[PDB]
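Notes for the one structure printed next.
By letter and in written order, the chains are A, B, C, D, E, F, G, H and I; residue numbering begins at 1 in each of them.
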Amino acid sequence: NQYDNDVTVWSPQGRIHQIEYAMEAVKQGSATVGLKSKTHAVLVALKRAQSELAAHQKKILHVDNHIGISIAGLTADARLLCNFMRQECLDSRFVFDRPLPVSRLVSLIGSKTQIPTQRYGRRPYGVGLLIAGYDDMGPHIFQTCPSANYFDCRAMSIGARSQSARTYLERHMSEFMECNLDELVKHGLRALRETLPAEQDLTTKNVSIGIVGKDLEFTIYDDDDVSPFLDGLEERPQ
Amino acid sequence: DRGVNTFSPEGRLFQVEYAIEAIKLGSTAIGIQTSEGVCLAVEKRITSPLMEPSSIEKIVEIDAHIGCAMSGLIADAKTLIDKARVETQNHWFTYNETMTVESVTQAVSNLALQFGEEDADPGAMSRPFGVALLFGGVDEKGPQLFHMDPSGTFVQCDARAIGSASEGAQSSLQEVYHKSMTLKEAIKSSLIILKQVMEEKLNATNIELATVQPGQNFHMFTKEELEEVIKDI
Amino acid sequence: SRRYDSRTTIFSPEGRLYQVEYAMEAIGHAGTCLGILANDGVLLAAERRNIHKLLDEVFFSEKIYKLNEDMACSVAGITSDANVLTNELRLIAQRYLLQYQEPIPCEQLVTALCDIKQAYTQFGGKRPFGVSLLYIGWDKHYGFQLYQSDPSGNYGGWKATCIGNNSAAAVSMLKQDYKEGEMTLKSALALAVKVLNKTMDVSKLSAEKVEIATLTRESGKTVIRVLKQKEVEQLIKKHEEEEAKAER
Amino acid sequence: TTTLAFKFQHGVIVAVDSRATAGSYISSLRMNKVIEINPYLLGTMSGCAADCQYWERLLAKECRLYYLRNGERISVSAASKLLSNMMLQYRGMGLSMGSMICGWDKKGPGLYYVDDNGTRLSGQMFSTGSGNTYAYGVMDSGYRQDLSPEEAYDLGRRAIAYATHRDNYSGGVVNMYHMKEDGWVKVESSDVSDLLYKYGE
Amino acid sequence: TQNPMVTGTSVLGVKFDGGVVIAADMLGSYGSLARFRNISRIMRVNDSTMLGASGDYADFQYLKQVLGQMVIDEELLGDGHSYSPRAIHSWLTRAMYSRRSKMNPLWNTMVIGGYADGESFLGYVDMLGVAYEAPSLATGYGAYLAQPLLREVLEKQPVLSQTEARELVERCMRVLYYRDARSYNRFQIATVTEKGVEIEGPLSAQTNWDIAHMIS
Amino acid sequence: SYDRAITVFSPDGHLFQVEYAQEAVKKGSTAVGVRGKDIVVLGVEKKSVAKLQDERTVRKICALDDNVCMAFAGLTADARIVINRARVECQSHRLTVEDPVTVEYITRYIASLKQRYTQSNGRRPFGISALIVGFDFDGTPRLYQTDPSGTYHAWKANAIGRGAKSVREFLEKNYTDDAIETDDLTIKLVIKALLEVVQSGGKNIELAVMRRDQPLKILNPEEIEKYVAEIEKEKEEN
Amino acid sequence: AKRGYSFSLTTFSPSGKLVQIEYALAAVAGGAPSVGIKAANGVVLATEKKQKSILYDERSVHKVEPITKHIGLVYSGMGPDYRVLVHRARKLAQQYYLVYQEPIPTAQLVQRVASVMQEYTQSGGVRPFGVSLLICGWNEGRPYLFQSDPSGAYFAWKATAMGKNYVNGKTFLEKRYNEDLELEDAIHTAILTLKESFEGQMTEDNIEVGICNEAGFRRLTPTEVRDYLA
Amino acid sequence: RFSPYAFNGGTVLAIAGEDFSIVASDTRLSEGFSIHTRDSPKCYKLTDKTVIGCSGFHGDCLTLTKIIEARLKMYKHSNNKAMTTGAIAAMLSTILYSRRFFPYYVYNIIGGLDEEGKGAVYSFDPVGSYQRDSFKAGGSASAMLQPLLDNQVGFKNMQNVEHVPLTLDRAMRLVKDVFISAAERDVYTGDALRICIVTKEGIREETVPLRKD
Amino acid sequence: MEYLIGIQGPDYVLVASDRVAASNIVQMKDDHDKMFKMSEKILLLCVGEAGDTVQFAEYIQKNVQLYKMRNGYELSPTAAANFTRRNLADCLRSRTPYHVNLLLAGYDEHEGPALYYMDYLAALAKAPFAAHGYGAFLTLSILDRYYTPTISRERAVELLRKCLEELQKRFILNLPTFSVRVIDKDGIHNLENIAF
């Protein structure tokens, strides 16, 4: 191939391979699940360890009091987009004194992520995000990609073996709108569980959860704060 | 020929993956996070007895409570170390406090993929750093050890090894680690594993040893003190 | 974009610079240019490559440039690149004069241009200047001096040297004849004609084909002159007459 | 403000007052005019308070960076010079700081005077502030390199206390420091008015 | 702006039960000269907030187009979000202070009335970045003349009906016309409510000049 | 401006442009430096001057400051830049700080300069290695050496250039207190190590010495030949 | 939005020859023939202006151009590149006059114009000029004729030819041209050298010719060209 | 010409105890001889442990508080913890000095708790010179509040008083008394007094009415 | 207000400068040196604004030292003086000018003893004798009176003595100590400081 070294080179089929190669970076990262009710928006991600001696990687990150993200792909590209999201939320609160609507923040991601895909020497962002937020329009689950394209979704899963989680959510998508918060998180956990192989299941060390909604600001539970959600579990069936 | 910011069909940056390969040529470094302190150990790799012993500095001081072990291309490392030292003193000036071991590692991780050709400054980076770092120190969250590579990904470690013989030392730490280990056993283990994966015998002038424990500050071990820990082979 | 980049300022596997060594080949096809240092002076002798019945002869010289009140240089290579460098040499010499209010020392002027030429080999992504230069002059520190400049940006002080066509043959010819510490300007002028005659292509040697300039210290002033055609004619014929007295 | 520093056989002593004023009103009477850069580096403050703090703290940051890079600490001469260059960067801009740099290094006991203008001097004695004239008076008369620590402390106290008596913009307490081969020791923080009554008898 | 050219005088504001009412005379003065006696100093930002402005009229018209565009830009997205009366007040505070800090100020004093979430809003913005909230507002000479009237009525009766607020405003415009040399007897009344912003046409306060005969 | 990455990582993990610059120094002239007890001495070779050339110009030993001098190997054109950049830094350190430059600081600056040229756009690395010689203000002798990568080490004795592998191995066998006892034998140690690789003859050796408190001394072709007389007196005999 | 290339498009080959300059020399060698003759009391410049069709307006565009009151230009090679050099040379002539208040010496103009040509052999993202210039001038009561080429090198000529059959044109001039000609005689031998490489019949529209003397530089009118064509 | 500054009055007071910190201010915002609003408290919550009080030019006060609010978020995203009372005080010093040649006409006093749980008070000038102290007043009536606190809290100019440690009850009354005295004399002080109490439990606000003339 | 003085002889240059470092009304130092060593035979004496003097003097000092390192030989007294003149003249029509009055003394191996006078405006003039400060108004006449171009070193110090005694008697400022140094063939020699 020779149409795959630069973002500024179009393939004869009508495609850009460097955007598609950047999309492969998202799939290699560990799975993360996002879903919402009428009142809450929940992010559930799978922490990953390179070795048992090393700790698990951060998957959920803070953006603002009403917005939180889960990452999938390159770490530095995730932190770079996270800092841009934080800055845009800070600028909105500095100027207007009101929280930045989720819809508009994701549109700013779409505008920024597009710039490097059209300039020579530049590259696409090697990270896909799941954005959970709450504003005047209620809870929101958003999806961003290496391609500047973004999606408003009821539920979504990205990363390794995310298809298994995607199918689970697709069956229970009508269930979520009337769901209690405790029941909503369990749905997100049960979707993330499908991604893992048959030998292993969700533990207190490899599960990270983020919740934002009408009740409370965005909060990340990691270790001891996670066990109340895992306890009360319907066993792994096949 | 391709650019520096080119993705592989796999989904990785070539220059980053190649920078990981540059570490596999550097000397082995081991850090161990004990509940009562953090110890760092590295081999100097002497090429000639004419070369001065204390000349090679693969374990350096960043702050009174933070130590850093380096592996790979040493020239690239000391650029990152100076930036880390600047960051700690910029933070001290602004906030009148010592930085956390996590924040220092995060600050260095921000320089990760800040390289490119076009749409960049005249003095902008052309390539990544061929360096893997082990940040070991004590803050208000107890003793901590962090690992960082050219990709920018940084994570806490109970015990980690990086260098030429990375996998060999990783498996040796894997079976000889308790989260309740003592600092006496911590230095011992790092010395025991170091001689196994090396081409040269362990001498008092051959290696560097450092300790960061809640009580006392970061300490560079003197030749006489090394002989007291090598007495227990 | 990088598809069309020739990568001029890059290293070769052996540890050398290609564009520099390729520029060296351009000098070899240019005119023969020699410089000889004497006790009471220093001179430049160069082969004129611009020779025709239809050329006008407007300027005082073809390859010899006056840079300073106490300095002059000769050129071998691409003449347009040579014009750029010689103009810069005249500028640097004047910047020193403006600052210190005394003529620039010979070595320092060579050093300044060599730093510019070296910069073209390290950064910028541009082709180096395909020119070798011979500097002659007088300063209050080291007296009469002769310098050689490479497209690499490397220099050296010589008592006798040559650059251009058949340069290696000309220098070994000088190495045998040059009498260190005994050389007078009259002996050096005779040696210049001797080396040029054997080195040059057209064989017989002519007043239109060679160019000689002398730098001498007279009455507390540095005098630089490009020799007239009537003077050159006598220099060639004096060697021609000794070529006839070599057989018995 | 009133600030003094002098050196003798047993080291360098530093004494300052504690008063801050805005026009004719007293903002503070507990003001600390000595910055402890290091165990063996010391700086005094006169002029604009904000200008003194920021810059001397910035010097302190650079002294810290110096110690990390070479791992040997910094000379007093070098430290004072650094501060001088910072003020030199901001010339004609109305920065107002008068300061002294105290330390012990390889050369020995070190005393320097640094200015907002960029003036840098080394000397046995210095006094900076609105009441420096009074401090000089008592200091000069009753000073000898042949002094004992107790006698030196007497002179420091004495100088500041009398300066505060005469001067409107100097008062509060005397903060005294002793610079020893090992490092600096904080001698005392005594109320000036009480000292003055004691001297009155 | 270093020196203002055409200026507008006091702008009034007071919040009643279920909305806010704003008044400003239709005068643009060039120094002492009454230059334009039929120009609007009030604008409708959107359906929730309105704005009346004192000071330089060219600077007001500039802020009128910038705010006008911001509402247009927001209506294009149609994401169910709109600028609240507080958000406009917050933006305007940041805009005025930013220009002030660059030593090139917008020579304006603003009164912002609004109604959102069943609550009435009234905000003040200065040319230096001074901003606050009050039950009653008056700029320029109104702060010395009309504001004392508003405060004394609101002390005896905190809650007013729309009719009560209107007749209080008309009483204040009467005092302003009597006592301000840079005022005129042609004014507008703007009102925010559950229904939106309503700006009424050229109004004149009833004047009595019977005290002209009480000098003998 | 020219914004192209010249020095990049190879698949195996090598910096070719840096390695080619290290091939340039290996083609350079032989240079050796050795620390003594009271003095430090440099020695440079592979001179091969045509004797038709004034050798005063082509001297490979340069003084950076009053207490610091250096010798180089490789691309002699590149050296001049680094030397003059170090000389400017010598006076800048004297302007910013009252104190003169320590030997380690100059070496660190030269190393940082060489490192910057390996990671900056548009430029190739320097094709030189340097041997830095000087004294501390306390009087302790110091010897350092740099290379195109940007790494520096302190040495008792070291050689760079062509035949460096041969000369270095000689110094390992001949570096004891018996050879460093006197100031004369340390200079003799240089000449013997030098004349061991070069096309034999004292005429091709230029070496410099500096005492603890004395200014830099470039030795006469007379003084060095007197020591060459003492090595051949004790060559057929010893 | 755009940003130019910063690398040279003209580089040294292993042979030591800047290929793009010699390739630019091929562009002029293939262009319409031009001839210049210095003739004691003046200078003449003549070129082939054969547009190869009757549709063209022969009066619209010119090949022999004035730079100033006393200097003129003719070219062989590409027209568009020549235009740039004319505009640059006209500015350089005025820049000199504004500083020194004296008509620019021809040698000084050619040096300044040749230096512009040098830039395009070393600067980034650009090709050299595909034009060789013939510059005439009158200063200090002396006629001047110069040649500037893609290389940036300049030569002083008594008489020369360039373009198609430049080798045959020069050898013709070696035999035909003699020093101390009259200006009116120089026009004849200029048209004669042009006839050697023409191909077709010569009209006053088919060729363009300019003259330079003590009265300045001017292009000959179509009526004047007809009178010499007999 | 044009003046970038306006005087809006207001006085801020802070006192430190063993486990408490008090930040108090008037609610009067004024300009010239007129009152802008009677409902403008100068106390502001930054964290659960720290409270700021700004007085002087209100335009500067509004912008500066918003900068601190943004810088508090920037810190906690980067350091994973809340900014300490001492760290906010150290930060405010640098922000105020960054405007050395175009200063904020502002008088800041920080009140909160240190890392040991003890009360901390930091007093600032318009340019950024600061220190820790037991009690400090800043603003238009700072000269009226200070001498009474020097006498009562500092036990100055007294002979045989047994030096009783400061309690919350006594400090609360001290805060009220000095402001009642200041409202009688200072024209820019009045309307209402708002007291913010920083304890281990959090921030508690209290309002006591003042002279409205 | 400070004082500088230079006296050039047939084969030497004698220079003297006061040792007072003054602030407002106090003498902070009794032994402050206002002389700067540029080369082995070049001295630069500077006077003027408090912070501007040392910064400027050292900048030139370090550049003359830089020239020595880069070339192996030192600048001539003339080339040095013209260098200091260039740097000051270029800062004259800038936002921050240096108000420094200086005196350069040197010995050339060819030209001989040299003494240069320079304004804060950066006007350079070579003089057989010159003086800076307000004391010059009282001493230049004494210099005019007794100076001969063939003055011996013994008489030069005695002539300096006569000038410095005048500053004690008539000049309103207290200048008790002076630095005295001689430049010649052998270089710079520190001479006994003249105290009163």
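Basically, contacts are C-beta pairs under 8 Å (C-beta built on N, C-alpha and C of every residue); 3 or more make two chains touch, one makes a residue touch a chain.
The chain lineup, named per UniProt: A = Proteasome subunit alpha type-1; B = Proteasome subunit alpha type-5; C = Proteasome subunit alpha type-4; D = Proteasome subunit beta type-8; E = Proteasome subunit beta type-4; F = Proteasome subunit alpha type-7; G = Proteasome subunit alpha type-2; H = Proteasome subunit beta type-1; I = Proteasome subunit beta type-2.
Set against the Cα centre of chain B, the chain with the most distant centre is G.
Pairs F-I and C-F differ in how many C-beta pairs touch across them, and the larger number is found at C-F.
Put simply, the C-alpha centre of chain B and that of chain G have 69 angstrom between them. Rounded to a whole number, the gap between the C-alpha centres of chain D and chain I is 33 angstrom. Computed centre separation for the pair chain F/chain H is 64 angstrom, with centres defined by C-alpha atoms.
With touch defined as above, residues shared between interfaces to two or more other chains in chain G number as follows: 6-7, 124.
Multi-chain contact residues of chain I (touching two or more other chains): none found.
For chain F, residues that reach two or more other chains under the stated contact definition are 1-4, 6, 122. Residues 77, 79-81, 83-84, 86-87, 90-91, 94 of chain E are the ones touching chain A in the complex. The touching residues of chain D, counted against chain F in their complex, run 70, 75, 77-78, 81-82, 85, 106. Only residues 2, 4, 6, 16-17, 20-27, 50-54, 56-58, 75-78, 80-81, 122-125, 127 of chain F touch chain C when the two sit together in their complex.
Residues 84, 87-88, 91-92, 113, 115, 117-121, 123, 126, 132-133, 136 of chain D are the ones that touch chain I when the two sit in their complex.
By the touch criterion given at the top, residues 4-6, 18, 21-28, 50-57, 74-77, 79-80, 119-124, 126 of chain A touch chain B in their complex.
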